[PDB]
Structures are given as structure tokens and as C-alpha cells.
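Okay, so here's the structure we're looking at.
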Ligand code: HEM
Ligand SMILES: Nc1c(Br)cnc2ccccc12
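What follows is the structure, given as C-alpha cells:
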């Protein structure tokens, strides 16, 4: 099972930069969402969830086919709340209907990270919408009530190693959990991409508590939370070392996250030898827009 990247006919960097800019301008405009967090974090969650269905063993799932647009995946309990991201992207897709769904969903995550002052994430076009019967079944995204061993094993399916896992989890500096979506509450309201996730893990006074949905979570005196899978990153000695590294090296974190996140978004895609090089989009700020 091979998914070959196919550039939307006639499109080049500038076409995609326009799509990036439209997302970025809407991000700036729609600032009220989720108690003024805005849509950046949910767009990053969306890009991860459309990608995180991938299975290296048979190359099913992944971002390529845009299958989040179909009911089965759209309604996955693991995707609760992502409908807000889909609705945000809908007018963008109406403006640029030439773009494939997988390209749009993944680009929305890239744009969100960058516009939230994160690292540049190189991005490649050419995901092709596939039919409804290619939609992966629910249950491929990870549980949050698990330990480090679960995390490590889960991410092997996505071909991610320890460093890649710890780096990817840094995205949890963004946004928050919502009890109605996932059965967890809290996380603050941060919408700037930093290494704060790791600093919070190492520096806060955490206490394990059972929330109003009957799930365990770690809560700090200062009002932050960690999922058990987040906290596992300081319980396992291998993960802890990497957590310390990123807490003490912002640039290293940025660079590792960028590589892991592009890899996450490209898992399952075969890029032909004469495919365009990855695009590095300018932010609105860099454009003076
Ligand atoms: C063990 C792996 C992971 C687990 C169990 C997990 C679990 C969760 C849960 C339960 C939420 C809260 C959803 C809600 O209540 O609205 C969440 C939110 C979020 N996740 Fe993860 N996640 C994982 C990995 C990742 C990765 C790899 C990324 C991206 C690189 C990511 C990015 C996000 C973002 C940005 C949010 C905030 C969304 C918002 O504010 O609406 N997560 N995650
Ligand atoms: N802000 C977060 C922190 Br801090 C820790 N874990 C999270 C998991 C999901 C969403 C947000 C967070």
C-alpha cells in the first residue's frame, strides 16, 4: 500500500503561501475562541490526530487521504472537539478549493505552530483525497490514562523514538484539556509555542488527583495540569533525561520538534524523486502582513 504524493495541478510555493496566509489571518481575526486562546492549539491537535492514525505495518491511516472529512473518523471519540478546527478551516477550503483535505489539515497545523512563534516546520504538498472506505477505524489514537511503557510502545507504531516522542509532547504547552471533550480539565490558556511544557513538568509541585470525570490527572498548586501520559515523561529515566534537555535548551527543542512534527505529518507518504523540495512558509510577521 503506497501513497504517492501528487502536487495539486499547476500549484507552486506561492499558491501554498496564500493558503498559509489565509489561515494565519483568520487565526489573528478569530481571537475569542476558547476564552481567548484562539484556534492555534486546536489546529495543531487536528494536524496530529489526522496523522496519528498511521500504522507503519500496513501504511493505513496517516494524513495522506484526508479521511478526517468522513463521518467515521470525524466522530471518533478521540477526536471530540476537533470539529471546531474543521469548522475554522472550512471557509479556507472554500477560498482555495484546489487544495487537498490532507494538505489543508496538515498545513493548518504548520501555520498554527509558526504563527504562535514556534519553529519553522518545512511542509510538503501532494496528499490526495482517498475514498470513504480508506478511513481508519476509531481506536488508533492514544489513551491518556497510561504510563511511559504504553507511550513508548504506542509511538513505535508511528515509527517515533524516545526523543521524537518527548519532543512531540512539547506541543502540550499549547491550549488545554476540556472535560466535555476528553474527561480532563485544565492546562491554562497558553497560545505561544515555547518549551514551557518541560519547565512545568520539572518545576511545579504536582499532586495526583481524580477529576470530576473520574479520571486521574496531575495538578499543581499554581493551577497547571498534566495527563498521566505527560507525567510519565518524568517517571521514566530515559524520557526524563530528554525532558531536562529540552527544559534547558529552547533551540534544541525547536529544532527537534520541527523535524518530528514534519515527520509525523508525512508518515505514510512516498515523495517521488522529482517532487518539489519542502516549503518553508513566511509568517505574517515576516511578510509585514
Ligand atoms: C500520548 C500522546 C498524547 C495524548 C494521550 C494526548 C492527549 C490529549 C488530550 C486528552 C487532550 C485534550 C483534548 C480536549 O479535551 O480538548 C490533548 C490536547 C492537545 N494535544 Fe495532545 N495528546 C498526545 C500527544 C500529542 C501530540 C503528539 C501533539 C502534537 C504535536 C498534541 C497536541 C495537542 C494540542 C495542541 C492540544 C490542545 C488542543 C486545544 O487546546 O484545544 N498532543 N491531548
Ligand atoms: N497545557 C497542557 C499542559 Br501544561 C499539560 N498537558 C496538556 C495536555 C493537553 C493539552 C494541554 C496541556
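In the entry's author numbering, the protein residues as written are 4 to 292. Cβ coordinates follow ideal geometry from the N, Cα and C atoms, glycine included.
Beta-carbon proximity of residue i to residue j, cut-off 7 Å
| i | j | result |
| --- | --- | --- |
| residue 69 | residue 103 | yes |
| residue 242 | residue 236 | yes |
| residue 126 | residue 271 | no |
| residue 36 | residue 114 | no |
| residue 49 | residue 108 | yes |
| residue 187 | residue 220 | yes |
| residue 175 | residue 200 | yes |
| residue 3 | residue 170 | The structure shown does not extend to residue 3, since the chain is modelled only from 4 through 292, so no value can be given for it. |
| residue 217 | residue 84 | no |
| residue 52 | residue 78 | no |
| residue 280 | residue 122 | no |
| residue 193 | residue 256 | no |
| residue 71 | residue 130 | no |
| residue 265 | residue 124 | yes |
| residue 73 | residue 11 | no |
| residue 40 | residue 173 | no |
| residue 47 | residue 112 | yes |
Beta-bridge partners of residue i, as assigned by DSSP
| i | result |
| --- | --- |
| residue 53 | According to DSSP, which records beta bridges pairwise, residue 53 is partnered with nothing at all. |
| residue 6 | 272 |
| residue 91 | Note: residue 91 sits in no beta bridge, so no partner. |
| residue 178 | Residue 178 pairs with nothing; no bridge assigned. |
| residue 282 | 126 |
| residue 189 | 180 |
Cβ-based neighbour list, residue i, same chain, cut-off 8 Å, excluding 5 preceding and 5 following
| i | result |
| --- | --- |
| residue 42 | 29, 30, 33, 36, 87, 88, 91 and 115 |
| residue 286 | 27, 117 and 118 |
| residue 231 | 147, 148, 149, 150, 219, 220 and 221 |
Ligand 2 heavy atom lying under 6 Å from the CB of residue i
| i | result |
| --- | --- |
| residue 229 | yes |
| residue 203 | yes |
| residue 137 | no |
| residue 175 | yes |
| residue 55 | no |
| residue 190 | yes |
| residue 178 | yes |
Residue i CB to nearest heavy atom of ligand 1 below 6 Å
| i | result |
| --- | --- |
| residue 8 | no |
| residue 181 | yes |
| residue 113 | no |
| residue 66 | no |
| residue 48 | yes |
| residue 185 | yes |
| residue 45 | yes |
| residue 278 | no |
| residue 84 | yes |
| residue 147 | yes |
| residue 22 | no |
| residue 2 | Residue numbering for the chain in the displayed model covers 4 to 292; residue 2 lies beyond these limits and cannot be assessed. |
Own chain partners of residue i with C-beta closer than 7 Å, once the 5 adjacent residues on each side are dropped
| i | result |
| --- | --- |
| residue 274 | 8 and 127 |
| residue 120 | 195 and 196 |
Any non-hydrogen atom of ligand 4 within 6 Å of residue i CB
| i | result |
| --- | --- |
| residue 233 | In the structure shown, ligand 4 is absent; the only ligands present are ligand 1 and ligand 2. |
Close Cβ partners of residue i (< 6 Å) along its chain, the five nearest in sequence each way excluded
| i | result |
| --- | --- |
| residue 55 | 144 |
| residue 16 | 282 |
Of all the beta strand (DSSP E) runs that stay within the bounds of the segment 121 to 153, which reach a length of 3 or more residues? none
Counting only runs of 3+ residues fully inside the segment 207 to 260, write out the beta strand (DSSP E) ranges in chain order. 209 to 213 and 219 to 223
Just to confirm the assignment: which complete alpha helix (DSSP H) runs, minimum length 4, are found wholly within the segment 58 to 84? 74 to 77
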